[PDB]
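Below is one structure, written out as structure tokens, with a few remarks after it.
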Amino acid sequence: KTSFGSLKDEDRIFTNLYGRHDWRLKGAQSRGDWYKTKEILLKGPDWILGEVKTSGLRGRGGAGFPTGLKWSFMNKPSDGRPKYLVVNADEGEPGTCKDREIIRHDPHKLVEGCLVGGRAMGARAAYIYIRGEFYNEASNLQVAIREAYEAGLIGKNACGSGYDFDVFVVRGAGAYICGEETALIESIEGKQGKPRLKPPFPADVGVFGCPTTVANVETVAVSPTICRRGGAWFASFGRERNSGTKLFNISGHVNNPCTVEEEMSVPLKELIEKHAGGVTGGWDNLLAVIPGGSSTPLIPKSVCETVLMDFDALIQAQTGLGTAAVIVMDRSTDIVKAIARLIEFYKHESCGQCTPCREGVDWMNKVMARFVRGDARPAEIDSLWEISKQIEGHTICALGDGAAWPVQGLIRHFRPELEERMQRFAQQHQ
Amino acid sequence: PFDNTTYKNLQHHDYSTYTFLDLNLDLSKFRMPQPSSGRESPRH
Amino acid sequence: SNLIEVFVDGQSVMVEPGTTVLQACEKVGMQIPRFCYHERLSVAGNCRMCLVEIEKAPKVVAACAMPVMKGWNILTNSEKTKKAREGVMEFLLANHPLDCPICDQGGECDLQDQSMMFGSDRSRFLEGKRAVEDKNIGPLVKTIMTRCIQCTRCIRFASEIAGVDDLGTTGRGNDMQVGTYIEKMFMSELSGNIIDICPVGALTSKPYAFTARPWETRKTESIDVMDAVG
Amino acid sequence: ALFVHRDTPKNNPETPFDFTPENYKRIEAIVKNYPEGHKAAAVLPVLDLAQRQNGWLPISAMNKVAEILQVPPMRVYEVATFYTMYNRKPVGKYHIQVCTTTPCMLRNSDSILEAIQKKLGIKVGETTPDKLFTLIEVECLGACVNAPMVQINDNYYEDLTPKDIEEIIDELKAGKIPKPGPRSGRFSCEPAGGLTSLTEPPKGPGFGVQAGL
Ligand SMILES: NC(=O)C1=CN([C@@H]2O[C@H](COP(=O)(O)OP(=O)(O)OC[C@H]3O[C@@H](n4cnc5c(N)ncnc54)[C@H](O)[C@@H]3O)[C@@H](O)[C@H]2O)C=CC1
Ligand SMILES: Cc1cc2nc3c(=O)[nH]c(=O)nc-3n(C[C@H](O)[C@H](O)[C@H](O)COP(=O)(O)O)c2cc1C
Ligand code: SF4
Ligand code: SF4
Ligand code: SF4
Ligand code: FES
Ligand code: FES
Ligand SMILES: [K+]
């Protein structure tokens, strides 16, 4: 196919996304959930991983790793230790609230995804790490898990298969760095949420020292629909190596911010003008677009017109898809203040274990505050770029890269505004 | 019938400050015995 | 024998499996710069001084933690290794106080020596440094946490060797302090050894404080007689 | 915003504190939830339970959690200081948290804040004289498509206007609990100007399953 977008309503995986049906077991089973799951559990982990590999499903957390290879990293014999599948539901990334809607409205899809993923790698039990502030969503998930346990779907002889399974929920304590998989693994174990170094990878040494596979909410909940509908159906959408459907959160200076399921290769402008109502003041009132939240650099209107919102095309556009969160800023926005607020958010949310992030994020916060006040020199700006090059690639986890990227994008795409601001401050105050 | 005009998720207005923990205590009876690490604690 | 062959600067050497990059470079004969790694403590890997570049790999690895593999060529003194070391020194000295002439670690400080022999020679930091309030842990360690770099040798020594488990890191981010969170007197039979494993002048021998200086001292080897360990 | 504890008369290790027997049963369920030999993994939830017994954490729940779980108290101190959910100071009965990250700052959360100061007469991090409300500024809470938004205790109030949050304050002053949902024309996350998708009925089970399942 050449023109993408405009996903059909019958091909949308996440039905009852807006909460227009019942979220309990009766509403879940009347929409197509928990159908022939016993055959899925009986056909074998190799068959399940083959169906995942045929679909071409990639990591929806924000890194875009192939889910088939990562899930096949556990296809090894047991060594006297159990195996665990952990579903990441921290949701600390600004601009992204799709997994909150998935948990609050369709929890049984997530539970069936946990069971299918646990059988797919021989996991003894599943843990779900939810945010501390998501008390009502955690309570809804607990109600759904209790109704699944009481109906014999999971527990002893789960879904009439002979392979037992347990699903747990562990509530967080309000930390963004706990969204990282190794910091999440450490936070489950009662330690502080500080990430580990890889190697050892979590597939070898994870939670409690046992083998552990950490996966996003939507890349887990899609898997029952992958195993039921088929590999070719899920691989038909989008370009090659970018297959599937994605939940896009459009927010910012838009008339109707929302969360919408769409095909992968939908253009940005078409998606905004169709599923969100367009930018206030017209499309020509657009100034900047953040494509996937705080972990990717912004792009201007000159490139946003003809860009494709998948991994490869946005990587070619010197940015990243990330969590697919379209933040929109129009021409009436002080984007220096927006990047300063983003860097201050990173300053307030940083685990501080490894020193380059721990010092350079506060350094960037001070430099951005001086830039907002305009008390800066032009020769400082390139130095700031060099500071980013001392953070990107020298950190334990990827929060340092996610801190260096928005400043690099802001400099690269809006240097004349920064020079104008500092020249204006120098002309006025001196 | 087919209804898509009412917000059906109205249960969350009836949750106290002890809903999650009491639900976990009620759900603990369905769970299997946990695996053992061979010791009481790493500091034991 | 299962000794695999690795390369350091194009020179072959055979190591046992599980040998780190730092251990292989030490076996060849270059001592890789480090701040948090200790050969008698658990590996932490939270200072990034030991970042070296393996060739045909577009990322610098931590030599204190990453195990070697067959055929790995460790470019110990390439361009990006020196760039990473200079960036780490700039970040480390970004918030360090100008306290060398009042310090008791002056002349025997790891930070000063590694800053001269690996780091740059001028500061781009034009902002205000942080100031951490001091604590007390007894009359054996003069405590100045303004100079701490959060290397986390305190917690590993107090948990692994001393085995008292009272030191820790409280806070998140730039406001993290290595303390005890209470007015607790850290007193064990091997307390003063923490003074030996502070690469900066954060922890000072209190009776020795402000009395001497390393370059004017004469070192004489001797045997301890206060116990029967010898 | 301090990470060191001083021995105050209100907050001392000798302050009386204990779990209720129902809280002890919940604590035992949380302990049984985890594998044997790793009871320290129950440090994070059980301490949370202690907050739900008090609303704030003195330094007696830290030592108590160390006593039941047989962990050193400094690990409990590290856990309670690393995370921002634990209130280590006595907060009011209603804990207002306003989000001011970029997707919420773009949709004028500053008007909501200025309404809070102009209504209640306290600054950020300042308490009311009757200890009923405490206003703090927080990061993103995962309600970005419903910006602007605040949270109170465990409830979310999204798509707020200054008049709406003033009315929320007066309704809380009457003692009634408000409705934790978006206050605009939308329900949870749908576009306000009609539904873009999901208007067709769900297709039910067995829709296009692969052969041989
Ligand atoms: N979803 C969210 O809320 C947020 C997402 N992100 C995104 O997260 C990403 C950073 O996270 P990561 O998962 O660490 O990125 P990526 O570098 O690590 O790796 C992707 C996945 O592949 C696995 N992997 C790669 N090579 C492996 C190997 N040889 N053996 C075993 N496993 C291997 C990793 O464990 C990980 O789960 C960024 O792309 C960032 O944009 C960032 C912030 C928030
Ligand atoms: C700082 C940081 C925060 C992250 N936060 C989240 C998160 O909140 N939710 C999530 O699913 N992944 C998050 N990730 C990505 C995870 O490392 C990992 O990609 C995810 O748990 C599973 O990835 P997958 O989609 O390939 O299975 C974060 C990564 C980093 C570096
Ligand atoms: S980059 Fe920052 S958040 Fe990540 S491990 Fe290092 S100090 Fe922690
Ligand atoms: S610890 Fe070292 S670098 Fe720091 S003030 Fe003392 S002598 Fe100077
Ligand atoms: S006081 Fe010294 S030894 Fe202790 S953590 Fe700080 S730098 Fe390391
Ligand atoms: S010595 Fe390896 S990171 Fe510190
Ligand atoms: S930015 Fe405010 S809820 Fe996410
Ligand atoms: K010292």
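Residue numbering restarts at 1 for every chain of the structure tokens, chains are lettered A, B, ... in their displayed order, and ligands are numbered from 1 as they appear.
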> How would you write, as a PyMOL selection string, the set of residues no farther than 7 Å from ligand 6 when counting only C-alpha atoms and all ligand atoms?
Replying inline: chain C and resi 33-37+44-51+62-65
> If you run DSSP on this backbone, which residues of region 48-163 of chain C come out as helix (DSSP H, G or I), and could you give them as a VMD selection string?
Replying inline: chain C and resid 79 to 92 100 to 102 110 to 117 154 to 161
Could you take the residues named above and write them with N, CA and C atoms, as a short mmCIF file (atom, residue, chain, number, x, y, z; two decimals), in the first residue's frame?
```cif
data_model
loop_
_atom_site.label_atom_id
_atom_site.label_comp_id
_atom_site.auth_asym_id
_atom_site.auth_seq_id
_atom_site.Cartn_x
_atom_site.Cartn_y
_atom_site.Cartn_z
N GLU C 79 40.47 8.49 20.62
CA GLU C 79 39.96 9.85 20.78
C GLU C 79 38.71 9.88 21.66
N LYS C 80 37.77 8.97 21.42
CA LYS C 80 36.50 9.04 22.14
C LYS C 80 36.64 8.61 23.59
N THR C 81 37.62 7.75 23.89
CA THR C 81 37.91 7.41 25.29
C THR C 81 38.37 8.65 26.06
N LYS C 82 39.26 9.44 25.46
CA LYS C 82 39.73 10.65 26.10
C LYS C 82 38.62 11.70 26.19
N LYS C 83 37.75 11.76 25.18
CA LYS C 83 36.61 12.67 25.24
C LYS C 83 35.66 12.29 26.38
N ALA C 84 35.40 10.99 26.55
CA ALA C 84 34.54 10.53 27.63
C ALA C 84 35.16 10.82 28.99
N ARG C 85 36.47 10.59 29.13
CA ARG C 85 37.15 10.88 30.39
C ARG C 85 37.12 12.37 30.71
N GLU C 86 37.33 13.22 29.71
CA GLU C 86 37.29 14.66 29.93
C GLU C 86 35.89 15.13 30.30
N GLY C 87 34.86 14.57 29.66
CA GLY C 87 33.50 14.92 30.03
C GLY C 87 33.15 14.49 31.44
N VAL C 88 33.60 13.29 31.83
CA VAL C 88 33.34 12.80 33.18
C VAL C 88 34.06 13.67 34.22
N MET C 89 35.29 14.09 33.92
CA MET C 89 35.99 15.00 34.83
C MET C 89 35.31 16.36 34.91
N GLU C 90 34.80 16.88 33.79
CA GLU C 90 34.08 18.15 33.82
C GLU C 90 32.82 18.05 34.67
N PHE C 91 32.08 16.94 34.54
CA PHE C 91 30.89 16.75 35.35
C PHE C 91 31.24 16.56 36.82
N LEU C 92 32.34 15.86 37.11
CA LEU C 92 32.74 15.61 38.49
C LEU C 92 33.19 16.90 39.18
N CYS C 100 40.61 22.72 48.16
CA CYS C 100 41.92 22.06 48.21
C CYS C 100 42.87 22.63 49.26
N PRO C 101 43.05 23.95 49.44
CA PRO C 101 44.00 24.40 50.48
C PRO C 101 43.52 24.18 51.91
N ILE C 102 42.23 23.93 52.16
CA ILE C 102 41.78 23.57 53.50
C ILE C 102 41.58 22.07 53.65
N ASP C 110 42.74 11.43 44.85
CA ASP C 110 42.56 10.79 43.56
C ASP C 110 41.97 11.76 42.54
N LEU C 111 41.07 12.64 42.98
CA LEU C 111 40.41 13.57 42.08
C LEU C 111 41.40 14.55 41.45
N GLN C 112 42.33 15.08 42.24
CA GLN C 112 43.31 16.02 41.71
C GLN C 112 44.25 15.35 40.71
N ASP C 113 44.74 14.15 41.06
CA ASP C 113 45.67 13.44 40.20
C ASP C 113 45.02 13.05 38.88
N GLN C 114 43.81 12.49 38.94
CA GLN C 114 43.12 12.10 37.72
C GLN C 114 42.64 13.31 36.93
N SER C 115 42.37 14.43 37.60
CA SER C 115 42.00 15.65 36.90
C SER C 115 43.18 16.21 36.12
N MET C 116 44.38 16.16 36.69
CA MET C 116 45.54 16.62 35.93
C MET C 116 45.90 15.66 34.81
N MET C 117 45.92 14.35 35.08
CA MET C 117 46.47 13.44 34.08
C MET C 117 45.44 12.95 33.07
N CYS C 154 31.14 4.00 50.61
CA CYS C 154 30.68 3.99 51.99
C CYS C 154 29.66 2.88 52.22
N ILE C 155 28.63 2.84 51.38
CA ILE C 155 27.53 1.90 51.58
C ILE C 155 28.00 0.47 51.34
N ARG C 156 28.87 0.27 50.35
CA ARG C 156 29.35 -1.07 50.04
C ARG C 156 30.29 -1.58 51.12
N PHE C 157 31.11 -0.70 51.69
CA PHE C 157 31.97 -1.12 52.79
C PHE C 157 31.17 -1.39 54.05
N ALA C 158 30.17 -0.55 54.34
CA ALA C 158 29.39 -0.73 55.55
C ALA C 158 28.43 -1.91 55.45
N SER C 159 28.09 -2.35 54.24
CA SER C 159 27.19 -3.48 54.07
C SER C 159 27.91 -4.80 53.84
N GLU C 160 29.07 -4.79 53.19
CA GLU C 160 29.74 -6.02 52.80
C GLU C 160 30.84 -6.45 53.77
N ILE C 161 31.73 -5.53 54.14
CA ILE C 161 32.90 -5.88 54.94
C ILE C 161 32.65 -5.59 56.41
#
```
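Every residue of chain A that lies within 6 Å of chain D is listed here, counting only C-alpha atoms: residues 18, 30, 31, 32, 94, 95, 97, 173, 174, 189, 190, 192, 228, 229, 230, 251, 252, 256, 257, 258, 275 and 338 of chain A.
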Please write the residues from the selection above to a file, keeping C-alpha atoms, as a PDB file, in the first residue's frame.
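Done, and the output landed in selection.pdb:
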```pdb
ATOM      1  CA  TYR A  18     -13.294   5.401  25.475  1.00  0.00           C
ATOM      2  CA  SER A  30     -18.933 -10.037  24.450  1.00  0.00           C
ATOM      3  CA  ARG A  31     -16.252  -8.133  22.492  1.00  0.00           C
ATOM      4  CA  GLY A  32     -14.115 -11.146  21.542  1.00  0.00           C
ATOM      5  CA  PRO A  94       4.604  13.302  29.651  1.00  0.00           C
ATOM      6  CA  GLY A  95       2.240  13.346  26.703  1.00  0.00           C
ATOM      7  CA  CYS A  97      -1.621   8.281  28.812  1.00  0.00           C
ATOM      8  CA  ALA A 173       5.456   5.080  44.661  1.00  0.00           C
ATOM      9  CA  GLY A 174       5.465   7.957  42.171  1.00  0.00           C
ATOM     10  CA  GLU A 189      12.664  -6.095  44.953  1.00  0.00           C
ATOM     11  CA  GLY A 190      12.279  -3.379  47.649  1.00  0.00           C
ATOM     12  CA  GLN A 192      15.585   2.067  45.312  1.00  0.00           C
ATOM     13  CA  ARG A 228      -6.136 -15.151  17.286  1.00  0.00           C
ATOM     14  CA  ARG A 229      -6.339 -13.059  14.102  1.00  0.00           C
ATOM     15  CA  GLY A 230      -3.013 -14.108  12.587  1.00  0.00           C
ATOM     16  CA  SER A 251      -2.306  16.918  23.024  1.00  0.00           C
ATOM     17  CA  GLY A 252      -1.128  20.494  23.369  1.00  0.00           C
ATOM     18  CA  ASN A 256      -9.745  18.205  20.716  1.00  0.00           C
ATOM     19  CA  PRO A 257      -6.827  16.419  22.402  1.00  0.00           C
ATOM     20  CA  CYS A 258      -7.512  12.695  22.433  1.00  0.00           C
ATOM     21  CA  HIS A 275      -8.627  12.557  14.639  1.00  0.00           C
ATOM     22  CA  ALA A 338       8.648  24.676  27.237  1.00  0.00           C
TER      23      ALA A 338
END
```
> When the cut-off is 9 Å and you count only C-alpha atoms and all ligand atoms, which residues lie near ligand 4, shown as a PyMOL selection string?
Replying inline: chain C and resi 93+96-113+115+147-148+198-202
> If you count only C-alpha atoms and all ligand atoms, which residues end up within 7 Å of ligand 2, as a PyMOL selection string?
Replying inline: chain A and resi 58-67+88-93+176-181+214-217+219+397-399
Residue subset to file, keeping N, CA, C and O atoms, as a CSV table (one decimal), in the first residue's frame:
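Final output, part_12.csv:
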```csv
chain,number,residue,atom,x,y,z
A,58,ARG,N,6.9,-4.9,17.0
A,58,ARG,CA,8.1,-4.3,17.6
A,58,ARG,C,7.7,-3.7,19.0
A,58,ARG,O,6.5,-3.7,19.3
A,59,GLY,N,8.7,-3.4,19.7
A,59,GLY,CA,8.5,-2.9,21.1
A,59,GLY,C,7.8,-1.5,21.1
A,59,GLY,O,8.2,-0.6,20.4
A,60,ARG,N,6.7,-1.5,21.8
A,60,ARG,CA,5.9,-0.3,21.9
A,60,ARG,C,6.2,0.6,23.1
A,60,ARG,O,5.5,1.6,23.3
A,61,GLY,N,7.2,0.2,23.9
A,61,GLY,CA,7.6,1.0,25.0
A,61,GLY,C,8.2,2.3,24.6
A,61,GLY,O,8.0,3.3,25.3
A,62,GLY,N,8.9,2.4,23.5
A,62,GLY,CA,9.5,3.6,23.0
A,62,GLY,C,10.9,3.3,22.4
A,62,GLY,O,11.4,4.2,21.7
A,63,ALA,N,11.4,2.1,22.5
A,63,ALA,CA,12.7,1.8,21.9
A,63,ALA,C,12.6,1.1,20.6
A,63,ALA,O,13.5,1.1,19.8
A,64,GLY,N,11.5,0.4,20.3
A,64,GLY,CA,11.3,-0.3,19.1
A,64,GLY,C,12.2,-1.5,18.9
A,64,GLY,O,12.6,-1.8,17.7
A,65,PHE,N,12.4,-2.3,19.9
A,65,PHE,CA,13.1,-3.6,19.7
A,65,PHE,C,12.1,-4.6,19.2
A,65,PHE,O,10.9,-4.5,19.5
A,66,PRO,N,12.5,-5.5,18.4
A,66,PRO,CA,11.6,-6.6,17.9
A,66,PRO,C,11.2,-7.5,19.0
A,66,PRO,O,12.0,-8.0,19.8
A,67,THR,N,9.9,-7.6,19.1
A,67,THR,CA,9.3,-8.3,20.3
A,67,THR,C,9.5,-9.8,20.1
A,67,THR,O,9.7,-10.5,21.1
A,88,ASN,N,5.1,-3.4,32.3
A,88,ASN,CA,5.5,-2.1,32.7
A,88,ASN,C,4.3,-1.2,32.5
A,88,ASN,O,3.8,-1.0,31.4
A,89,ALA,N,3.8,-0.6,33.6
A,89,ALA,CA,2.6,0.3,33.6
A,89,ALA,C,2.9,1.5,34.4
A,89,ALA,O,2.0,2.0,35.1
A,90,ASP,N,4.1,2.0,34.5
A,90,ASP,CA,4.5,3.1,35.3
A,90,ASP,C,3.9,4.4,34.7
A,90,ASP,O,3.3,5.2,35.5
A,91,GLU,N,4.0,4.6,33.4
A,91,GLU,CA,3.4,5.8,32.7
A,91,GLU,C,3.9,7.1,33.3
A,91,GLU,O,3.1,7.9,33.8
A,92,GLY,N,5.2,7.4,33.3
A,92,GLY,CA,5.7,8.6,33.8
A,92,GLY,C,6.1,9.6,32.7
A,92,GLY,O,6.4,10.7,33.0
A,93,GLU,N,6.0,9.1,31.5
A,93,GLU,CA,6.3,10.0,30.3
A,93,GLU,C,5.3,11.0,30.1
A,93,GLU,O,4.1,10.6,29.9
A,176,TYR,N,9.3,8.6,38.0
A,176,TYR,CA,9.4,8.4,36.5
A,176,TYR,C,10.5,7.5,36.2
A,176,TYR,O,10.3,6.7,35.2
A,177,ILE,N,11.6,7.5,36.9
A,177,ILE,CA,12.8,6.6,36.6
A,177,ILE,C,12.4,5.1,36.8
A,177,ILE,O,13.0,4.2,36.2
A,178,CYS,N,11.4,4.9,37.6
A,178,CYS,CA,10.9,3.5,37.8
A,178,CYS,C,10.2,2.9,36.5
A,178,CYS,O,10.0,1.7,36.5
A,179,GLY,N,10.0,3.7,35.5
A,179,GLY,CA,9.5,3.2,34.2
A,179,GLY,C,10.6,2.4,33.5
A,179,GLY,O,10.2,1.6,32.7
A,180,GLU,N,11.9,2.7,33.7
A,180,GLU,CA,12.9,1.9,33.1
A,180,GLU,C,13.0,0.5,33.6
A,180,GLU,O,12.8,0.3,34.8
A,181,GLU,N,13.2,-0.5,32.8
A,181,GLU,CA,12.9,-1.9,33.1
A,181,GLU,C,13.8,-2.4,34.2
A,181,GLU,O,13.4,-3.1,35.1
A,214,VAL,N,10.6,-7.9,30.6
A,214,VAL,CA,9.8,-6.8,30.9
A,214,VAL,C,9.2,-6.3,29.6
A,214,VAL,O,9.9,-6.1,28.6
A,215,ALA,N,7.9,-6.1,29.5
A,215,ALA,CA,7.2,-5.7,28.3
A,215,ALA,C,6.1,-4.6,28.6
A,215,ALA,O,5.6,-4.6,29.7
A,216,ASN,N,5.9,-3.8,27.6
A,216,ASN,CA,4.9,-2.7,27.7
A,216,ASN,C,3.5,-3.2,27.8
A,216,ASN,O,3.2,-4.4,27.5
A,217,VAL,N,2.6,-2.4,28.2
A,217,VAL,CA,1.2,-2.8,28.4
A,217,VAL,C,0.5,-3.1,27.0
A,217,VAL,O,-0.1,-4.2,26.9
A,219,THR,N,2.0,-3.7,24.0
A,219,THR,CA,2.6,-4.8,23.3
A,219,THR,C,2.3,-6.1,24.0
A,219,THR,O,2.6,-7.2,23.4
A,397,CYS,N,21.5,4.3,32.1
A,397,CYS,CA,20.2,4.1,31.5
A,397,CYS,C,20.1,5.2,30.4
A,397,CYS,O,21.0,6.0,30.2
A,398,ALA,N,18.9,5.2,29.8
A,398,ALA,CA,18.7,6.1,28.6
A,398,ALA,C,17.9,7.4,29.0
A,398,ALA,O,17.4,8.1,28.1
A,399,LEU,N,17.8,7.7,30.3
A,399,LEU,CA,17.3,9.0,30.7
A,399,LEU,C,18.2,10.1,30.3
A,399,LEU,O,17.7,11.3,30.0
```
>> Show me which residues are within 10 Å of ligand 3 counting only C-alpha atoms and all ligand atoms, and format the list as a PyMOL selection string.
In response: (chain A and resi 176-178+180+182-183+193-197+346-347+349-361+391-403) or (chain C and resi 46-48+172-174)
>> Please check the contacts: residues of chain B at most 6 Å away from chain D, using only C-alpha atoms, listed as a list in words.
In response: residues 25, 34, 35, 36, 37, 39, 40 and 41 of chain B
Residues of the last selection are to be written out with C-alpha atoms, as a PDB file, in the first residue's frame.
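Writing done, so here's result11.pdb:
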```
ATOM      1  CA  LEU B  25      -6.100  -9.846  50.770  1.00  0.00           C
ATOM      2  CA  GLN B  34       5.523 -19.240  46.145  1.00  0.00           C
ATOM      3  CA  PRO B  35       8.966 -20.647  45.267  1.00  0.00           C
ATOM      4  CA  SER B  36      11.684 -20.761  47.911  1.00  0.00           C
ATOM      5  CA  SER B  37      15.208 -19.356  47.652  1.00  0.00           C
ATOM      6  CA  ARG B  39      17.171 -19.384  52.942  1.00  0.00           C
ATOM      7  CA  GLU B  40      15.202 -17.057  55.195  1.00  0.00           C
ATOM      8  CA  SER B  41      16.970 -13.936  53.893  1.00  0.00           C
TER       9      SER B  41
END
```
>> Residues of chain B were defined as contacting chain A if any atom lay at most 9 Å from it, counting only C-alpha atoms; please report them as a list in words.
In response: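 The contacting residues on chain B are residues 3, 4, 5, 6, 7, 8, 9, 11, 12, 13, 15, 17, 19, 20, 23, 24, 26, 27, 30, 31, 32, 35 and 37 of chain B.
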Let me see the file: selected residues, N, CA, C and O atoms, as a short mmCIF file (atom, residue, chain, number, x, y, z; two decimals), in the first residue's frame.
```cif
data_model
loop_
_atom_site.label_atom_id
_atom_site.label_comp_id
_atom_site.auth_asym_id
_atom_site.auth_seq_id
_atom_site.Cartn_x
_atom_site.Cartn_y
_atom_site.Cartn_z
N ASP B 3 -25.42 0.41 23.04
CA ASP B 3 -25.37 1.72 23.69
C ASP B 3 -23.93 2.22 23.69
O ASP B 3 -23.02 1.51 24.13
N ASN B 4 -23.73 3.44 23.20
CA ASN B 4 -22.41 4.06 23.18
C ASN B 4 -22.48 5.53 23.58
O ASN B 4 -21.69 6.34 23.09
N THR B 5 -23.42 5.88 24.45
CA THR B 5 -23.61 7.26 24.86
C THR B 5 -23.50 7.46 26.37
O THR B 5 -23.68 8.59 26.84
N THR B 6 -23.20 6.42 27.13
CA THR B 6 -23.09 6.51 28.58
C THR B 6 -21.73 5.99 29.03
O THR B 6 -21.23 4.99 28.50
N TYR B 7 -21.14 6.67 30.01
CA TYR B 7 -19.87 6.26 30.59
C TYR B 7 -20.15 5.13 31.58
O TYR B 7 -20.62 5.36 32.69
N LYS B 8 -19.85 3.89 31.16
CA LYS B 8 -20.19 2.73 31.97
C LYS B 8 -19.25 2.52 33.15
O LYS B 8 -19.59 1.77 34.07
N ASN B 9 -18.07 3.14 33.14
CA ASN B 9 -17.09 2.95 34.20
C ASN B 9 -17.33 3.95 35.33
O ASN B 9 -16.57 4.89 35.56
N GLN B 11 -17.77 2.76 38.50
CA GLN B 11 -17.48 2.05 39.74
C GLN B 11 -16.46 2.79 40.59
O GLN B 11 -16.49 2.69 41.82
N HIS B 12 -15.57 3.57 39.96
CA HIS B 12 -14.46 4.20 40.66
C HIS B 12 -14.90 5.32 41.60
O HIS B 12 -14.08 5.81 42.37
N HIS B 13 -16.17 5.74 41.55
CA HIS B 13 -16.71 6.66 42.54
C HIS B 13 -17.01 5.99 43.87
O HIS B 13 -17.34 6.68 44.83
N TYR B 15 -14.89 3.80 45.73
CA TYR B 15 -13.66 3.21 46.24
C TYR B 15 -13.17 4.01 47.44
O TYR B 15 -13.11 5.24 47.38
N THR B 17 -10.09 4.25 50.72
CA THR B 17 -8.63 4.27 50.76
C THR B 17 -8.03 2.89 51.02
O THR B 17 -6.81 2.77 51.09
N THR B 19 -9.27 -0.07 49.24
CA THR B 19 -9.86 -0.97 48.26
C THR B 19 -8.83 -1.94 47.69
O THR B 19 -9.07 -3.15 47.62
N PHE B 20 -7.67 -1.41 47.28
CA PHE B 20 -6.64 -2.23 46.64
C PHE B 20 -6.08 -3.28 47.59
O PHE B 20 -5.93 -4.45 47.21
N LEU B 23 -8.68 -5.90 48.48
CA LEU B 23 -8.88 -6.75 47.32
C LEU B 23 -7.73 -7.74 47.16
O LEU B 23 -7.95 -8.90 46.80
N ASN B 24 -6.49 -7.31 47.43
CA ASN B 24 -5.36 -8.22 47.40
C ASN B 24 -5.46 -9.28 48.49
O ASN B 24 -5.12 -10.45 48.27
N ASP B 26 -8.25 -10.42 49.76
CA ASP B 26 -9.29 -11.34 49.30
C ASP B 26 -8.78 -12.24 48.18
O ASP B 26 -9.21 -13.39 48.07
N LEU B 27 -7.88 -11.73 47.33
CA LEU B 27 -7.37 -12.48 46.20
C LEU B 27 -6.24 -13.43 46.56
O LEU B 27 -5.90 -14.29 45.74
N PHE B 30 -6.58 -17.41 46.20
CA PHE B 30 -6.53 -18.07 44.90
C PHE B 30 -5.12 -18.40 44.44
O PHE B 30 -4.95 -19.11 43.45
N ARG B 31 -4.10 -17.92 45.14
CA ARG B 31 -2.73 -17.98 44.66
C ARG B 31 -2.03 -19.26 45.11
O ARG B 31 -2.31 -19.80 46.18
N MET B 32 -1.11 -19.73 44.27
CA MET B 32 -0.31 -20.90 44.58
C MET B 32 0.77 -20.57 45.61
O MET B 32 1.08 -19.40 45.84
N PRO B 35 7.69 -19.93 45.22
CA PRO B 35 8.97 -20.65 45.27
C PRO B 35 9.85 -20.16 46.41
O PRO B 35 9.70 -19.05 46.92
N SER B 37 13.83 -19.65 48.02
CA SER B 37 15.21 -19.36 47.65
C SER B 37 16.23 -20.17 48.44
O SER B 37 17.43 -19.99 48.23
#
```
